[PDB]
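Down below is the structure, laid out as C-alpha cells.
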Amino acid sequence: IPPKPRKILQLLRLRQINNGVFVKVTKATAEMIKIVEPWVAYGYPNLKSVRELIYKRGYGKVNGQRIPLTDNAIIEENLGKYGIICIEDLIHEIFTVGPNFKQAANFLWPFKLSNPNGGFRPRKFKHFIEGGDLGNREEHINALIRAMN
Amino acid sequence: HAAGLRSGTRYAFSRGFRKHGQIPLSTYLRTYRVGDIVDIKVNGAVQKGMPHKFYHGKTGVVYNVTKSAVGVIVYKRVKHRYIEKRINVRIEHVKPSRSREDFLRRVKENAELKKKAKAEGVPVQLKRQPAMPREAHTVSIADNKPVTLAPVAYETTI
Amino acid sequence: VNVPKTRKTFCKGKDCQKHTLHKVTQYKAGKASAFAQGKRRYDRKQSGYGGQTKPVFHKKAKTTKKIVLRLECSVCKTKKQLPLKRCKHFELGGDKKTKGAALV
Amino acid sequence: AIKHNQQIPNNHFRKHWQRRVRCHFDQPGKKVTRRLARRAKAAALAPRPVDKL
Amino acid sequence: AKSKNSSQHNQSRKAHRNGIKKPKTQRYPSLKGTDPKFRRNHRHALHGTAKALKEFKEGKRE
Amino acid sequence: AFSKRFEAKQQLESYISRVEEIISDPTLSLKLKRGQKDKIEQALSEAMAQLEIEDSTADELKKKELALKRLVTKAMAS
Amino acid sequence: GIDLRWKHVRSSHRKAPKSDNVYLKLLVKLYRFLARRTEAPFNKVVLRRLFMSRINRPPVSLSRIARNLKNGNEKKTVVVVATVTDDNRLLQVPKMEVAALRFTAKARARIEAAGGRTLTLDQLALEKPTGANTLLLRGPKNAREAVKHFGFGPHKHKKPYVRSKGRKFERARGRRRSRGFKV
RNA sequence: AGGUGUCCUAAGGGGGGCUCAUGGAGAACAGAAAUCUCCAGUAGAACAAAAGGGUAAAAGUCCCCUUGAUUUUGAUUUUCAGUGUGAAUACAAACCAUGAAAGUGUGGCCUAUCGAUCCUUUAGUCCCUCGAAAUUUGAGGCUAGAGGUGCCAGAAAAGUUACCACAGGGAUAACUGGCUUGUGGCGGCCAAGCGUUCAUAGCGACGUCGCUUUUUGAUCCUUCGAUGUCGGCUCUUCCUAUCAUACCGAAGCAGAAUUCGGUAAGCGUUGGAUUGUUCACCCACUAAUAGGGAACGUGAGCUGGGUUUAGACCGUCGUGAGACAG
RNA sequence: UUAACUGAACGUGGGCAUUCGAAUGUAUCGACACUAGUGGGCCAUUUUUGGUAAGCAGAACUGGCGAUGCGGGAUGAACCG
RNA sequence: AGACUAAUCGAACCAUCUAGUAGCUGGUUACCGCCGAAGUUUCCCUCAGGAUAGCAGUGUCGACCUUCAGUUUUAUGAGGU
RNA sequence: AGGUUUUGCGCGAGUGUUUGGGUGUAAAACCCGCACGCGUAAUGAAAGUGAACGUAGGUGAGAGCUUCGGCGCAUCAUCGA
Ligand SMILES: [Mg+2]
Ligand SMILES: [Mg+2]
Ligand SMILES: [Mg+2]
Ligand SMILES: [Mg+2]
Ligand SMILES: [Mg+2]
Ligand SMILES: [Mg+2]
Ligand SMILES: [Mg+2]
Ligand SMILES: [Mg+2]
Ligand SMILES: [Mg+2]
Ligand SMILES: [Mg+2]
Ligand SMILES: [Mg+2]
Ligand SMILES: [Mg+2]
Ligand SMILES: [Mg+2]
Ligand SMILES: [Mg+2]
Ligand SMILES: [Mg+2]
Ligand SMILES: [Mg+2]
Ligand SMILES: [Mg+2]
Ligand SMILES: [Mg+2]
Ligand SMILES: [Mg+2]
Ligand SMILES: [Mg+2]
Ligand SMILES: [Mg+2]
Ligand SMILES: [Mg+2]
Ligand SMILES: [Mg+2]
Ligand SMILES: [Mg+2]
Ligand SMILES: [Mg+2]
Ligand SMILES: [Mg+2]
Ligand SMILES: [Mg+2]
Ligand SMILES: [Mg+2]
Ligand SMILES: [Mg+2]
Ligand SMILES: [Mg+2]
Ligand SMILES: [Mg+2]
Ligand SMILES: [Mg+2]
Ligand SMILES: [Mg+2]
Ligand SMILES: [Mg+2]
Ligand SMILES: [Mg+2]
Ligand SMILES: [Mg+2]
Ligand SMILES: [Mg+2]
Ligand SMILES: [Mg+2]
Ligand SMILES: [Mg+2]
Ligand SMILES: [Mg+2]
Ligand SMILES: [Mg+2]
Ligand SMILES: [Mg+2]
Ligand SMILES: [Mg+2]
Ligand SMILES: [Mg+2]
Ligand SMILES: [Mg+2]
Ligand SMILES: [Mg+2]
Ligand SMILES: [Mg+2]
Ligand SMILES: [Mg+2]
Ligand SMILES: [Mg+2]
Ligand SMILES: [Mg+2]
Ligand SMILES: [Mg+2]
Ligand SMILES: [Mg+2]
Ligand SMILES: [Mg+2]
Ligand SMILES: [Mg+2]
Ligand SMILES: [Mg+2]
Ligand SMILES: [Mg+2]
Ligand SMILES: [Mg+2]
Ligand SMILES: [Mg+2]
Ligand SMILES: [Mg+2]
Ligand SMILES: [Mg+2]
Ligand SMILES: [Mg+2]
Ligand SMILES: [Mg+2]
Ligand SMILES: [Mg+2]
Ligand SMILES: [Mg+2]
Ligand SMILES: [Mg+2]
Ligand SMILES: [Mg+2]
Ligand SMILES: [Mg+2]
Ligand SMILES: [Mg+2]
Ligand SMILES: [Mg+2]
Ligand SMILES: [Mg+2]
Ligand SMILES: [Mg+2]
Ligand SMILES: [Mg+2]
Ligand SMILES: [Mg+2]
Ligand SMILES: [Mg+2]
Ligand SMILES: [Mg+2]
Ligand SMILES: [Mg+2]
Ligand SMILES: [Mg+2]
Ligand SMILES: [Mg+2]
Ligand SMILES: [Mg+2]
Ligand SMILES: [Mg+2]
Ligand SMILES: [Mg+2]
Ligand SMILES: [Mg+2]
Ligand SMILES: [Mg+2]
Ligand SMILES: [Mg+2]
Ligand SMILES: [Zn+2]
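Protein chains in written order, with our numbering: chain U, 8 to 156; chain E, 314 to 471; chain G, 331 to 434; chain W, 7 to 59; chain R, 8 to 69; chain B, 58 to 135; chain P, 188 to 370.
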C-alpha cells in the first residue's frame, strides 16, 4: 500500500480487513474517502442496519479497553454528560446526525464483521459500476451488511 | 558536473517578457517590523544582497532590521531533521505576504460580532464549518421543457 | 600589471592613526640563517651513517608566485605589507596607457 | 584505531614486559623475617637502646 | 571491478522511521545577529525600567 | 624548454598568416560586418607584440592561439 | 494482520527499587499502602522517588534549605528523599525541622544544636500522613562531573577527555587561528 | 556542446553630459567601402574571456577629480558531518575619496580563476623568558602575511622475469552452454525495366517484412581447493535448406542436352600429389562425388606433426637484464 | 532614532469567554546516556539516458525479495491472494 | 646447462629469535521468551578495507503536560515539464 | 595495567588501614599514624593576576504545598552582574 493512502486509513480507524466505521459526509471527509477507493466499499445505511450492528456487534471504548455493552449503566457513565443515557439514544444519535454525533461515533469501537455469507462477485477488486465490489454503491450496501453481520 | 552558486537559474532569476527596465519605485517606501510575515522573490536586476536559489519562493519571519536590508528566519529540511536558517536580504527581493490577512480579518470581525449578540442575547455559531451536502428543493418545468439527446454517428472530418 | 610608486593609505602608527603618504617597494625574502633552532636540529640529524632523513620535494606545479608590496610611512617610518594576486609580468612605476591614440 | 569519543591511550606495553614482572606474594613472609631480626638484635644489645640519637 | 555509483532508494523511509522532528518554537527568541547599535541602547533601557518599577513601592506610584 | 617554446612559436605565426587570407579576400568580407572585423584586428595587435618579447613561454603563446581561433571562428560560422 | 506501528511496548519508568536493602523494602511497603488509600498527591510523588538510583537523588545542603526557608515558609516541614549535607560556609543555622532519608554526622549535630528536630520518613507518615504543611526539595541534578562531557562537538563549549592539562595537551591546531583554524 | 591554473593603476571608486548596431535620402576628387548633414532606429551594439542571466538622461561611451584593492575583530549564506579550504551577503567601531546635495564605495555587473601541521622568512609592540644576580650581543615566545604540495583534506621513489614463489578471486579475461542477431547465411512481398514483340517462361532496380544459430561481434550469469585446451584416424545415430536414385507439374520444352518447382531423408556420396592444418587448389574415376548437429561429438580410445615451460640460432627493437598473435 | 515624548523595542495598570474561534485521529509526548551489526545489493508498474538489441550498462518517486512460511500460476527468490 | 654441492639448489641442511605479520580463505559448543536492521551521505595512495552521519537495542528521567500528524478542507505565495 | 558510561553499597567537603609499624590461635583475622594521591579555583605562551550593586538578580513556563492571597524545587529559554 502506498504511504499516503495508508495514513488516511489509519485516521479512519480501519486497520484490519473487514472493519467498519460511521462517518458523516462533508467536503472535508468526502475527499479523504475518494483517495482510498481501491481499498474500501461504502454506502448509505438504513434504520435496520444501524439497529442490528449496535445490538449484536456493539462494543464501547472505556478507559482504552474494549468493553461489550450489555447494560444501560455502561452507556450512561460515559455519554451521560451529552444527554445519552440509554441504548436507544445511541441509535438515535447515529441515524439522525445530531449535535453530539462526533462523541457518539468515537465511543464505539470499530466493528468487526465476518466474511459475507453468499460470497462476493466473481472479481471483487474492480469498481461497483464495472462489476466489482469496491466503491460507492448507495442503498445497495444494506444487502452486503446482512451477509457480513 | 558542476555545482555553482547560480547554477540552474536560467529561468528563475530572469525578468519576464515586457518587464525589463525600471523598477517600480513604491518598493522602497514600504516599512517592516520584527515579527512580520514576508516572502522572498528574487529580482534579477539587483545583484547585491541576493539570496541563494533555495529560498526563492519561501516564506519567513523578520528578525532584524537595518539600513537597507532585513533578516528573515526560514526552516530548511535536511534529511530526517529541520534546521533554522537566518539570511540577509535586500528589500528589493522581499515583499509583505497576504498569508495571514484572512486570520487577522476574521479575529477583528469575530470580536465585534460576538459583542452585539452578548448585549442582545442570542447564540452566534461563529466558528466556520466545511461545505455541507445540498438540501431538498423543487424544480419546475414551466417554459423549460427538457430536450432529448442521443449519441452521434461516426463521421470523417478531414 | 603596474602600480604607482607612491600611494596614501591608513597608517597604524602610535601617533598617525590616519591616512598618510607611503612609498611602495617590492618584498624580497631574506637569507636563511645558520643558527636558527630548525637548522641546528637538522644538522645533527644528518650526521653519521643513515643517509637522508627528511623528505625532499620534487613535484612542483605552480608557475607563478604571489606579489607582496612593502610600504613605508613618510612620517614615522612605519611599514606595511599588502598581498596581491598571481601574475606573470609585474613592474612598478611604469608609464601609463593612452586612450584614443591608436596607431600601428 | 579510535572509534568513539575516547581518551587518547598511551600504554607503554610494546617491549617484552612479561619477562620482568615482580609479584609480591612474600609480603607477610618478609615481615616475619624482620621481626625475628629486630628481637635478635635487641637481645645482643641487652641494656642498650636499639637506635641512636 | 565496477560497482554502483549512487542511490537514494531507501533514504525517505529511513528518515520517516522515527519522525521528521521540527524544533520547538518558544516565547523569547535569542538576540544573536541583531545589529549592535540597537543592542547597546536596549541594554540601558531595561536597566532603568527595572529600577523604576522597583521604586513603585516607595515612590512614583504611576 | 628550448625545443618546447620554439615549437609553439612557429604554430602561432602560421595561424596569424593563415587568418590574413580570410580578412583580405573580398568574397568572405562581403557578408561579414565591421563590428566583427575590427575586433579581430584589435586582437592581432597585441599578438604581434609578444613575438618581439622574449619572456613569453609555451603556456602564454598556446593560450592566445586558441583565443584568436575562437574569436574568428564565431564570426564566420554565424 | 492488524497494521500497527507499536506492539508489546514496555513502560519507561522504574516500578520497584533495584536495591536489596531490607529496611528500604519495608519503607516501600508502607508508602505503597498509603498511596493506594489516600487522595493526597504528596504520597504518590514520595513513592516514586524511593525507586530512583543514586545519581537521580543528588544531595541537598543546609544552605539550600535555608534558601527556601524565607518568604513565609519558616513554619513548614522540609522533606528531602535524599541525603542531607552540612555546609561549611553557613555560619548561623536557622531553626527548622527536617525529614530526610539520612543525615551526615555534622548535619544532624548542627540542626539540633540550634533548636531543631530531625525526623525520619517513617515518623513523617505517623505525624503527617497526608503531607500537610510540607515542601519538597531536590538537589542539583546536572551538577556532576560526568555531565560536562555530554554532547561534545564543535561550537558546543563542552569539556574534552584529556589525560592532563597544559600547553602541550591539545590547544594548537583547531583551537587558535594562528595554527590553521578555530573549532 | 564547451571552459579555468590567467588578465587589469584601471578594465577599481564617485560625479556630469551624450546614445548605440543598422537602414533610407543627399555632398569636388570619392568608387561596394574614407569624411560631413538631416530623418528613422527596444538594443538587433558594447561591457578582458566559455556559456547563461542583467543593463538606455546606464552597468555602454567620452571628459573631471581620486586610491574603500586601507585599519580592528565577530555574526550569516553556498558545497556540508551543518568540520576544513575557496568564494559570497548584511551591520558595528575608525580613517578617507567623490558630489551643490540626498547618497554611493570593504576590488572587477552576477555565476570559476586556488592550498594544512613542521621548518624558514618579513612586518608589528617596546611587550614576556634564558630558572644564583646584573649590562650589552645571540637565541626562544605572542599577533598578521609570503615560500607548496595540480594524485589539488596535502608519502620522498626506475625496469625486467620464457628460472620463478605465496595468500586469495569465478567481485575479473582466454574454451563449451545461456540471452541478443548488428555483421554472416537463407527465404518472402510490391513492380520501373531486361527478355526481337510481351512487367511476372527465367530474372528484378528504388523500397520493405522475416527466419536460422555450422561466421564473427556485444555481454560476464555458472566453473580459478582444475570440466585435460588444434587437427586427423576410428565408430554410431539424428536434422533437411535435396548432389544422385523413385514417381510427377511448368518452359522462349521438336529430338537430344539443360533450367524452375512439388511429395520425399528409404538408400548412397570415393582413390591420390603439396600443407600440422581446419580452409584451399589441381590429377583420375563415378549414378553422384550435397550442406550440417551431437560440451565447435569422440585423449583412463589412439597418435603428438602444430600451439603453449625449461636448452639453442637468426633478423628488427632495447644503454642493459630482456621483448616480438616473426 | 525624530524639527519635536514624534517613533522604536521591552514593560506597570485596565478592558474582552455565556462560545479559546475548520475536519478526523491521538493502539503511543518530550529530552538525555552508552553501544552492536551494515557500508558488494538485486527485481517490478509509470517517467527515463547510452546501445541494432540483450536474462546488458546507468538514474528519479513508491512497493517488494534479501531476512518469509501458507493458498493459486503443473514446476519456478521477486507476479496474484 | 643456472649445472652440481648426501633422493633437497635462480642460493644447502640443523636449532633459536618465533605463538614472525596478514585490509585475505576456513571454523567458532544448551534451551525458551520480547524487540528487530543495512548495502546510503562526507573524507582517506581509498575501490575485497577504515573513520563520520543515518537505520537498531537496552537503561532511564520530565509530565501524565492535552501536546502532536508521510492526511483532507479554507485563505494566500513560488515553478517553466 | 590504564580509560569511559551505567547498577549496588559505605562515608560525605572531604575521602583512601595493609610502602611501612603494633599484634596474632600465624600467608588469615584485629589495631595505629606521619606523608601522599584525587577533590575543594580558574585563566594566559609567559611574567602574572585571581570570582556578591540586589534577601546570590529580572522576565515567561513548572511538580508539590497553601491562611486561597500567594510562595514556587529539579530542569529548559532569555536579558544582565
Ligand atoms: Mg454454503
Ligand atoms: Mg472470485
Ligand atoms: Mg546542476
Ligand atoms: Mg522569473
Ligand atoms: Mg633571524
Ligand atoms: Mg620560529
Ligand atoms: Mg656529532
Ligand atoms: Mg644519522
Ligand atoms: Mg660523514
Ligand atoms: Mg558500493
Ligand atoms: Mg525496503
Ligand atoms: Mg493473529
Ligand atoms: Mg605557522
Ligand atoms: Mg565534456
Ligand atoms: Mg574609473
Ligand atoms: Mg562610472
Ligand atoms: Mg554617469
Ligand atoms: Mg541579452
Ligand atoms: Mg553531492
Ligand atoms: Mg559551515
Ligand atoms: Mg565555508
Ligand atoms: Mg559605510
Ligand atoms: Mg566596470
Ligand atoms: Mg561584487
Ligand atoms: Mg602558505
Ligand atoms: Mg614538512
Ligand atoms: Mg637572568
Ligand atoms: Mg642558569
Ligand atoms: Mg616547504
Ligand atoms: Mg583527495
Ligand atoms: Mg606516512
Ligand atoms: Mg561472474
Ligand atoms: Mg540476423
Ligand atoms: Mg520493354
Ligand atoms: Mg515471381
Ligand atoms: Mg534488394
Ligand atoms: Mg553467437
Ligand atoms: Mg566468461
Ligand atoms: Mg577455472
Ligand atoms: Mg570442481
Ligand atoms: Mg571429464
Ligand atoms: Mg588425413
Ligand atoms: Mg522439403
Ligand atoms: Mg527436385
Ligand atoms: Mg537412415
Ligand atoms: Mg592419404
Ligand atoms: Mg555450435
Ligand atoms: Mg570438441
Ligand atoms: Mg590421455
Ligand atoms: Mg581432440
Ligand atoms: Mg573421454
Ligand atoms: Mg612436437
Ligand atoms: Mg622453449
Ligand atoms: Mg631446474
Ligand atoms: Mg643493439
Ligand atoms: Mg616465437
Ligand atoms: Mg566505502
Ligand atoms: Mg561504521
Ligand atoms: Mg553485486
Ligand atoms: Mg564487504
Ligand atoms: Mg529470475
Ligand atoms: Mg540494472
Ligand atoms: Mg551486473
Ligand atoms: Mg512475502
Ligand atoms: Mg506454491
Ligand atoms: Mg505455466
Ligand atoms: Mg637460460
Ligand atoms: Mg643430508
Ligand atoms: Mg642432489
Ligand atoms: Mg644461502
Ligand atoms: Mg628452521
Ligand atoms: Mg595465534
Ligand atoms: Mg606461525
Ligand atoms: Mg519471536
Ligand atoms: Mg516484530
Ligand atoms: Mg574496484
Ligand atoms: Mg568475500
Ligand atoms: Mg531508539
Ligand atoms: Mg520550457
Ligand atoms: Mg528546464
Ligand atoms: Mg580495568
Ligand atoms: Mg588528604
Ligand atoms: Mg599558574
Ligand atoms: Mg501547579
Ligand atoms: Zn605614520
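Don't be surprised by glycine CBs; every beta carbon is placed ideally from N, CA and C.
Which chain P residues are close to residue i, counting only those with a beta carbon under 9 Å from its beta carbon?
| i | result |
| --- | --- |
| residue 23 of chain U | 188, 189 and 190 |
To which residues does DSSP link residue i through a beta bridge?
| i | result |
| --- | --- |
| residue 272 of chain P | P:248 |
| residue 118 of chain U | U:27 |
| residue 349 of chain G | G:340 |
| residue 397 of chain E | E:388 |
| residue 134 of chain U | U:141 |
| residue 382 of chain E | E:403 |
If I follow the unbroken alpha helix (DSSP H) through residue i, where does it start and stop?
| i | result |
| --- | --- |
| residue 130 of chain B | 115–134 |
| residue 420 of chain E | 414–433 |
| residue 33 of chain R | Residue 33 of chain R -> no alpha helix (DSSP H), and no H or E assigned at all. |
For residue i, which residues in chain B fall below 9 Å Cβ to Cβ?
| i | result |
| --- | --- |
| residue 331 of chain G | Chain B residues near residue 331 of chain G: none, gap ~14 Å exceeds 9 Å. |
Whole angstroms is fine: what's the gap from residue i's alpha carbon to residue j's?
| i | j | result |
| --- | --- | --- |
| residue 67 of chain U | residue 21 of chain R | 37 Å |
| residue 350 of chain G | residue 411 of chain G | 15 Å |
| residue 151 of chain U | residue 459 of chain E | 37 Å |
| residue 358 of chain E | residue 352 of chain E | 18 Å |
Who are the neighbours of residue i on chain W, taking C-beta pairs under 8 Å?
| i | result |
| --- | --- |
| residue 350 of chain P | 13, 14 and 16 |
What residue range does the beta strand (DSSP E) around residue i cover?
| i | result |
| --- | --- |
| residue 409 of chain E | 407–409 |
| residue 376 of chain E | 372–378 |
Using the beta-carbon of each residue, which ones in chain U are nearer than 8 Å to residue i?
| i | result |
| --- | --- |
| residue 444 of chain E | 33 and 34 |
Starting from residue i, find everything on chain G with Cβ-Cβ shorter than 7 Å and list it in chain order.
| i | result |
| --- | --- |
| residue 82 of chain B | Here the premise fails: no neighbours, minimum Cβ distance about 21 Å. |
Name, please, each residue of chain B whose Cβ falls closer than 8 Å to the Cβ of residue i.
| i | result |
| --- | --- |
| residue 428 of chain G | In chain order: nothing, as chain B lies at least about 14 Å away. |
- Query: When Cβ atoms are compared, which residues of the segment 90–108 of chain B fall closer than 7 Å to chain G?
  - Reply: 102
- Between the segment 15–33 of chain R and chain E, which residues of the former have a C-beta closer than 9 Å to a C-beta of the latter? 18, 19, 21, 22, 23, 24, 25, 26, 27, 28, 29 and 30
- Closer than 8 Å, Cβ to any Cβ of chain E: which residues of the segment 31–63 of chain R, in chain order? 36, 40, 41 and 42
- Message: Taking beta-carbon pairs under 7 Å, can you tell me which members of the segment 326–342 of chain P lie near chain W?
- Response: 339
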